[PDB]
2 protein chains.
Amino acid sequence: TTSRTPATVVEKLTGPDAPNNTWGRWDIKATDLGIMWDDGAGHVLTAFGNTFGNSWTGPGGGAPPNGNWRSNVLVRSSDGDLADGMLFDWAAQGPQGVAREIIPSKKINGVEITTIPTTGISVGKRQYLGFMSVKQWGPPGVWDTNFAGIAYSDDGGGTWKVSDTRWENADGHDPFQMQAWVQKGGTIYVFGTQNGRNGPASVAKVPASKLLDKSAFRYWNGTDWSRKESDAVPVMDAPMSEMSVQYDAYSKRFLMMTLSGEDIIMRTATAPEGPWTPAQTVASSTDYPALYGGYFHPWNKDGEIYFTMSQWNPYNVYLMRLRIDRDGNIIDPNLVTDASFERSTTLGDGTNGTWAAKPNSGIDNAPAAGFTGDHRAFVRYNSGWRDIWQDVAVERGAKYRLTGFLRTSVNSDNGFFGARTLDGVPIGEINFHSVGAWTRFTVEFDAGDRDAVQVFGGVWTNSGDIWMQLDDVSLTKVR
Amino acid sequence: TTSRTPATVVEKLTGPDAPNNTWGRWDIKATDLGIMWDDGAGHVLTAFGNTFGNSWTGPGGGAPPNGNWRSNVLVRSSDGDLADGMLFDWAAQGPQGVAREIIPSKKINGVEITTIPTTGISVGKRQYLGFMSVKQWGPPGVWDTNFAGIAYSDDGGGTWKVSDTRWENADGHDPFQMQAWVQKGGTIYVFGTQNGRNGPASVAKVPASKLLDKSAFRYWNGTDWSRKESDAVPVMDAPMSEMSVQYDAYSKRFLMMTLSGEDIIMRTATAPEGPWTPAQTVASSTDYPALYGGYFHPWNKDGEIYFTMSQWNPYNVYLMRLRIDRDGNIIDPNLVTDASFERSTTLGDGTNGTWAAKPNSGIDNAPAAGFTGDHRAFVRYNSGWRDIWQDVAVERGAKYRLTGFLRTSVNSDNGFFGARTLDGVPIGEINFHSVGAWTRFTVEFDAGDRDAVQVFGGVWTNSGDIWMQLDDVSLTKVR
Ligand SMILES: CC1(C)O[C@@H]2O[C@H](CO[C@H]3O[C@H](CO[C@H]4O[C@H](CO[C@H]5O[C@H](CO)[C@@H](O)[C@@H]5O)[C@@H](O)[C@@H]4O)[C@@H](O)[C@@H]3O)[C@@H](O)[C@@H]2O1
Ligand SMILES: CC1(C)O[C@@H]2O[C@H](CO[C@H]3O[C@H](CO[C@H]4O[C@H](CO[C@H]5O[C@H](CO)[C@@H](O)[C@@H]5O)[C@@H](O)[C@@H]4O)[C@@H](O)[C@@H]3O)[C@@H](O)[C@@H]2O1
Ligand SMILES: OC[C@H]1O[C@H](OC[C@H]2O[C@H](OC[C@H]3O[C@H](OC[C@H]4O[C@H](O)[C@@H](O)[C@@H]4O)[C@@H](O)[C@@H]3O)[C@@H](O)[C@@H]2O)[C@@H](O)[C@@H]1O
Ligand SMILES: [Ca+2]
Ligand SMILES: [Ca+2]
Ligand code: NA
Ligand code: NA
């Protein structure tokens, strides 16, 4: 939809330009999902779906025959400072220097083409990773699974076995093919969808210590929790996709994220069986085309909600953030209009929620041309100060955080990114020189005694033919 | 010298192709030294000299006018697993996304062209960083300093102040311009050289809590520790350079590392004042041209000696390792001859400590063409198995660790790195596909009942015009 996107892009976690350098360290050049859980020992484990190495070019998933296709890979983080990204400090390797597939697949189309992680959790000293055995793929949002399964590891994710526990997909409509686990107290709630993205979500619950025992599951049947899976009823209507569910102590609500139709949405509930509050836009397909996934970071707290988002054309995973109040309502949204430049192929005059720029400037538009999406802004010249800017309404006296991703021609020597008055006087800014990789810059400032500022990025071009590119600009209130 | 290099390259820590991606994270594209210390709070702080960003090309230090020249930068590590590299987890930034200069300099040639870190330590909750004020550079190994200073930080390296404590260099021959600190008991021993690389080392000591108080220093004069800096006599003869000293609990010895003439060497002592045992070669200029630095990692233990080494042409810092026994003798040296391919410009026949390869192959030779140095081996064809190999003498029944750095053309699909019998039967190997960045591969194997193996790397080349490059191959006994 054209709904506004409250969420902010924090970092590209995987693939080209990613700070993490998954490509260099582990031959993770392109991948998706980024399903996260707390390993019970001070770390976050993060699992990915179909992963490709050095020869991948994109756009999209898929690679040449030498693409080092693994159905899945796993990395670890110990990073508690998510505002500045999420550093991966380890990966399951084999050989060393290459992230290995941890849940094997046959890679025979129409039998089992791949095995894709869905959700993860730890109980005591055991890690568990839910997955789906994919028989074959159809058009977007459509695929067939053989079963949902569970792998486990007793050494923090170093080595894995596949358990015998499965939800078989007898008739293609089994409701627990694609799962999402949340633990509260001594109980794991297991949400499930059918294969693909056109069906509803169901829920079951199991004592945390009995996750591998299907007979210990009880299924919400609309009145109570019963033994038969075939009694399960939907708790959230179709259409729903891959899902993530987190218990947020701050708001005393379960939060659920999913791609529903076009957009990633969030709903909230005081109990897993519902009632689930109406969908709130997290990210729209207009701002983040061919987005999918959406998995909560397990160290979210205090109303700060970090999550991983996938996107088809760049075929890589981004860390995202949004904020909620104590009722689970999204607050302090990105106030920048058209933050990812995806909504227009030209510039405006900088007013009324449009971007402006000096000559020579425009929107580059091609598959995965953006930092995210297919669009980015540019400005280029060979004389004087050359910038890109947008007027943004603000609350006088409030403090703001401005983040954005930019890069320059190698011969760039002086650029700035920041906020200024509508008269052009800088309020807060930083100074960059030559920027190779897409790089996030971050500026926090007081809006002061005014109802609007101009967010901007630009380069001095006195020294030569110099360009800057820009994407995914966010202005959000600081609390 | 042409002496053999016992040390093994572990990882490139900074710059292009480094796993750490200091370039993308922090605009640390090229830099030197990598002076390390324990910050007292479970981390290693690492300081660097003159640092350049995105526009740097090399070879060597210096950059274009937009090269984001900083006199120094500082990163952090929490990494206890040095066998697979040293992950940096933070850098002192400003703006965020750019590692900043932490010790200012005037950058006026003949006054103060730069400020270079020399050594660091923590005492309680304070970090200290020694540095030299550089007035002007001369030819290699020669420069003039104004003084040695000490900067300090009370917030774990986040912010820095330059103290008023200085060793001034009125006549150019002050013996403590370039310091190396080591703490044992509550005493810091302060080793010192003149400016540049042609003089001897002296030693001073100070109670750890009084590092900033020059009146608390005592200076070894050959008979006792006295109050006057002018009484200090050499404890180690010229020529010596930048230095590192570590107290090794394993050997109950102080270890000293420095570039002495052409080679990085190590000496040992049971007391800081000496006597210092004769120089042992760590890395020779023949294998590692224009090497310098050599700083011990503070978490060295059990005889495993990790250290950082700089090298001019790639102008970046590498983690290295060697092993000692309980007497402080280097043991278990790299058994591969001409490990970095620098000693010859053409291939041999694989015997007598030479490299061989199948057509089309040779030694690439250009400034900073190596992973390290100017040389790397290459093999390239479009048919069959195409490899680079060397016969290496082994001890029957012993276990060995083979590491080496390689990369491939993007269209590579299947290569192997490992050890095999002289008759070509693999003993242990790994399988790689397409390798973009220089990447280290690691193989451990039993030599079994034989006293030679062939170490190799190669690519299958049926799928196209495929090449592999290879550098810094090491085979060392496992303990
Ligand atoms: C055919 C396909 C999907 O499977 C093969 O395996 C590789 C990719 O695998 C990753 O993709 C799976 C998810 O696939 C769904 O998501 C795609 C993108 O969705 C976004 O774009 C569409 C179009 O508007 C919207 O649905 C959404 O916003 C969609 O096309 C797929 O149905 C993961 O499970 C797996 O890890 C490729 O080599 C190849 O692609
Ligand atoms: C002029 C110089 C050195 O300083 C300017 O700032 C940048 C580089 O600075 C780093 O260089 C210093 C060390 O410089 C010495 O090391 C060089 C390399 O040594 C190897 O080559 C020679 C000959 O084989 C041997 O001494 C050794 O094996 C040598 O030329 C220098 O004297 C660090 O303190 C500093 O951070 C450049 O822009 C420029 O270079
Ligand atoms: O890949 C990086 C970006 O390149 C593409 O840039 C598109 C822009 O390039 C042209 O503008 C740059 C062009 O203008 C400047 O020179 C202009 C000359 O015109 C007058 O005669 C003189 O004042 C001046 O010398 C110089 O910087 C260069 O030649 C323009 O066609 C377009 O807007 C982007 O798509 C990428 O992001
Ligand atoms: Ca975009
Ligand atoms: Ca070399
Ligand atoms: Na972080
Ligand atoms: Na490591």
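Per chain, numbering begins at 1; letters A, B, ... match sequence-line order.
- Side chains of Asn300(A) and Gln246(A): a donor on one and an acceptor on the other come within 3.5 Å.
- Remark: side-chain polar atoms of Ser361(A) are not paired, donor with acceptor, to backbone N or O of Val379(A) under 3.5 angstrom.
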Next item on the list: Quick one: do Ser3(A) and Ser284(A) satisfy side-chain hydrogen bond (donor to acceptor under 3.5 Å, both in side chains)? Show the steps, please.
Entry: CA-CA 6 Å; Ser3(A) 307; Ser284(A) 69; over 6 Å; no

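- Taken from OG1 in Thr281(A) to CZ in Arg4(A), the straight-line distance is 11.5 Å, to the nearest 0.5 Å.
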Check: Should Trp299(A) and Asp38(A) be marked as a side-chain hydrogen bond (donor to acceptor under 3.5 Å, both in side chains) after you check the CA-CA gap, both sets of side-chain angles, and the distance that decides it?
Finding: CA-CA 8 Å; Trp299(A) 295 347; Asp38(A) 188 311; 2.8 Å; yes

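- Here the closest non-hydrogen pair linking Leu13(A) and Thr22(A) is O-CG2, 3.5 Å.
- Proximity of a side-chain donor or acceptor of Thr31(A) to a complementary backbone N or O of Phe48(A) within less than 3.5 Å is not detected.
- Salt-bridge formation is detected for the pair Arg420(A)/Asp387(A): a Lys NZ or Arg NE/NH1/NH2 atom is positioned less than 4.0 Å from an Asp or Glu carboxylate oxygen.
- In this structure, CD in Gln454(A) is found 9.0 Å from CG in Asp423(A), a value given to the nearest 0.5 Å.
- Residue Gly458(A) comes nearest to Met468(A) through the heavy atom pair N-SD, 3.6 Å, listed as atom of the first residue, atom of the second, then distance.
- For the residue pair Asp32(A)/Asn50(A), the side-chain donor-acceptor check at 3.5 Å is not satisfied.
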Checklist line | Worked verdict on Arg321(A) versus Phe307(A) for side chain to side chain contact (heavy atoms under 4.5 Å, CB included) | finding: CA-CA 6 Å; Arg321(A) 68 187 290 194; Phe307(A) 63 98; 5.8 Å; no

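- In this structure, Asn365(A) and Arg376(A) have side chains that are not in contact, with every pair of non-hydrogen atoms separated by 4.5 Å or more.
- Although no hydrogens or angles enter the test, the distance criterion places no donor-acceptor pair under 3.5 Å between the side chain of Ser244(A) and the main chain of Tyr295(A).
- In summary, the aromatic rings of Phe341(A) and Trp355(A) are positioned with their centroids under 6.0 Å apart.
- The shortest heavy-atom contact between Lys12(A) and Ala18(A) is O-CB, 3.2 Å.
- Aromatic pair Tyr247(A)/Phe254(A): ring centres closer than 6.0 Å.
- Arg479(A) has its side chain within reach of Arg323(A): a pair of non-hydrogen atoms, C-beta onward, lies under 4.5 Å apart.
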Notebook entry, point to check: Yes or no on side-chain hydrogen bond (donor to acceptor under 3.5 Å, both in side chains) for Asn313(A) and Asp374(A), after CA distance, side-chain angles and deciding distance?
Noted result: CA-CA 8 Å; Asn313(A) 275 351; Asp374(A) 301 328; 2.9 Å; yes

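- Look at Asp39(A) and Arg76(A) and you find no salt bridge, because none of the NZ, NE, NH1 or NH2 atoms lies under 4.0 Å from a carboxylate O.
- Aromatic rings of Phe441(A) and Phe432(A) (six-membered ring for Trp) have centroids within the 6.0 Å cut-off, being under it.
- Two rings, from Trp438(A) and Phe371(A), have their centers less than 6.0 Å apart.
- Taking every heavy atom of both residues into account, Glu342(A) and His375(A) meet most closely at OE2-N, 2.9 Å.
- In this structure, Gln194(A) and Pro200(A) have side chains that are in contact, with non-hydrogen atoms separated by less than 4.5 Å.
- For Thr277(A) and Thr268(A), the side-chain atoms include at least one donor-acceptor pair closer than 3.5 Å.
- Residues meeting the salt bridge (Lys or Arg N to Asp or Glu O under 4.0 Å) test with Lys399(A), sequence neighbours left out: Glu444(A).
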Note to self: Could you walk me through whether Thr403(A) and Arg401(A) satisfy the side-chain hydrogen bond (donor to acceptor under 3.5 Å, both in side chains) test, starting with their C-alpha distance in whole Å, then the side-chain angles of each, then the deciding distance to 0.1 Å, before giving a yes or no?
What the structure shows: CA-CA 7 Å; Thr403(A) 58; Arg401(A) 180 185 177 81; 5.4 Å; no

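- We find the CZ-CG distance between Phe88(A) and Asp79(A) to be 9.5 Å, quoted to the nearest 0.5 Å.
- Atom-to-atom distance recorded for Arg267(A):CZ and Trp276(A):CH2 is 8.0 Å, nearest 0.5 angstrom.
- Atom OG1 of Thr193(A) sits about 8.5 Å away from atom CD of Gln177(A), to the nearest 0.5 Å.
- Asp471(A) and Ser340(A) share a side-chain donor-acceptor pair at under 3.5 Å.
- Using a 30° and 60° split on the angle between ring planes, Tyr152(A) and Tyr128(A) fall in the tilted class, from 30° to 60°.
- Tested against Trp167(A), the residues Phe217(A), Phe176(A), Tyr219(A), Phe131(A) include a single ring-ring contact (aromatic ring centres under 6.0 Å, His included) partner, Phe217(A).
- A salt bridge is defined here as a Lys NZ or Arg NE, NH1 or NH2 lying under 4.0 Å from an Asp or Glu carboxylate O, and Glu395(A) with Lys477(A) meets this definition.
- In this structure, CE on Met86(A) lies 9.5 Å from OG on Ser78(A), to the nearest 0.5 angstrom.
- When the options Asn431(A), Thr442(A), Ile388(A), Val443(A) are evaluated for a side chain to side chain contact (heavy atoms under 4.5 Å, CB included) with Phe417(A), the one that passes is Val443(A).
- No side-chain donor-acceptor contact under 3.5 Å links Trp181(A) and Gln183(A).
- Of all non-hydrogen atoms in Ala339(A) and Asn334(A), the two that sit nearest each other are CB-ND2, 3.4 Å.
- Looking at heavy atoms from C-beta onward, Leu319(A) lies in side-chain contact with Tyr306(A) at the 4.5 angstrom threshold.
- Using a 4.5 Å heavy-atom cutoff, the side chains of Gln390(A) and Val336(A) are in contact.
- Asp332(A) and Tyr400(A) form no side-chain donor-acceptor contact under 3.5 Å, judged by distance and modelled atom types alone.
- Within 6.0 Å of the CG atom in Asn329(A), the count of heavy atoms belonging to other residues, nucleotides or ligands exceeds 12.
- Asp349(A) and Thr351(A) form a side-chain donor-acceptor contact under 3.5 Å, judged by distance and modelled atom types alone.
- Heavy-atom minimum distance, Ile324(A) versus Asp248(A): CD1-OD2, 3.5 Å.
- By the 4.0 Å N-to-carboxylate-O rule, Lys214(A) lies too far from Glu229(A) to be salt-bridged with it.
- Qualifying side chain to side chain donor-acceptor pair (under 3.5 Å) partners for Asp231(A), counting only residues two or more places apart in sequence or in other chains: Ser226(A).
- Residue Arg227(A) places its CZ atom among 12 or fewer non-hydrogen atoms of other residues, nucleotides or ligands, all under 6.0 Å distant.
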